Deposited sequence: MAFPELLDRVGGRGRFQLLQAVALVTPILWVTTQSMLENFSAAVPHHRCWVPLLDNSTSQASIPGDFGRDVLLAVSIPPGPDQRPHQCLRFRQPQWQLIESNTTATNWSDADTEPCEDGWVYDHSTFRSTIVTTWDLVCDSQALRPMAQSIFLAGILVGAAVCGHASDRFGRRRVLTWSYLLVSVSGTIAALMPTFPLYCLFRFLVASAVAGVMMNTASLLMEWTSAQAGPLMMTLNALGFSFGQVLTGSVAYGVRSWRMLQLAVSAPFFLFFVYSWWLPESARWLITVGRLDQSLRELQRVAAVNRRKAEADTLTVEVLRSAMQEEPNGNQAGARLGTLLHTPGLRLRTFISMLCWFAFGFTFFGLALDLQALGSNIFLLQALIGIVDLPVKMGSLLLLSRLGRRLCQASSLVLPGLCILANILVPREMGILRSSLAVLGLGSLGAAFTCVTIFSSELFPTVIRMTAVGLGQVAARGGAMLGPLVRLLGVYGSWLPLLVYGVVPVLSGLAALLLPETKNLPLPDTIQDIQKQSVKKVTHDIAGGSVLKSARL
């Protein structure tokens, strides 16, 4: 009977726009704190420290000091014991530390804590820890919004994000940085889930398309904001502080947003719900039917397809979050990538959905997975002679892959008895945030050929899309 009360008090109107913008704005920085593991932990070119060079023909000393490496570059993990002046066998690893290339990045975490050479596996583990934090935070926060309300949890998660992000930029050792990033990720997941729920509840029966489109648009613009901010600040200690500073002001101004009315009814807090409904009525300027709200009215108010959807969600999350955090090795000009993903995401998603919806829902679902799979797979075949083709295909593939997040949510998830769609979207998202755990760990397979990670990241979505055609 709550929709009757909502229609009595409003619907569309003015408040549902102000609240919408005030909740969409943090999504950009939420995206920023997730893809920030791309300009902070960036690996520049590194070499062994030499006593002859860098104080106690420069090319001649470079040749006589470091043995040549395989990839037409000086070796990054070995050094001559003595200057081999025979050059106009016995090699030994560094102890004096490495020297880095300070031309684009002033200081990275790899620069700070020397996560190179033997200690290489640690870098693709920070993102796995972050995704574990997101998964745990999303799992725990589910049974947290039924006892503590829904508006309070949002404010406390904003404060937690701000405090943990600020503190993490002041740690002197790696494990504490990983722990604070874990906390940041959990709080961010809580923020995202609560924002989605609060957007869903307060609006009318038209909640489906508009708000779920606005959330995706917020993520897409958050990508561009990440790119811009990264272009702005270059140091890594000054990047985390600059990114996490706004969240305190967000916690400050989110202290006045009306709490969800539907939840207050189910718990018996009738007086607060009545006051909240009256204030939204005053804001919406529909102070005509609010008289009928006289408390007594509210007192009286008080298996194949699941497998396929789970597989699609797992493939999307796995490949996307295992391939969207390594744009450094995918091309060049890292600031133009990660800032062209959303610009190639929104138009492609509107156009592809518009052109494909008419042909069929299953056709659109399958076509949104095999196409990016081949798009990614064709990247390894083309040579490095042309870089524009080396970069365009991957960008297009990632943009099309991002369209699956919308295609398998709004047009899909109806593959069920059709009672209500919120019983399956959460279960599908369980895999997504569980599969991205098993993501960047694939990049640990850089040894034993470098084409294997890309081959896997291309094969998995292709197989998922091909199997999606086997619904009957």
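J.: Against the full deposited sequence, which stretches does the structure leave out?
T.: Unmodelled stretches: 1, 58-67, 100-110, 325-346, 517-553.
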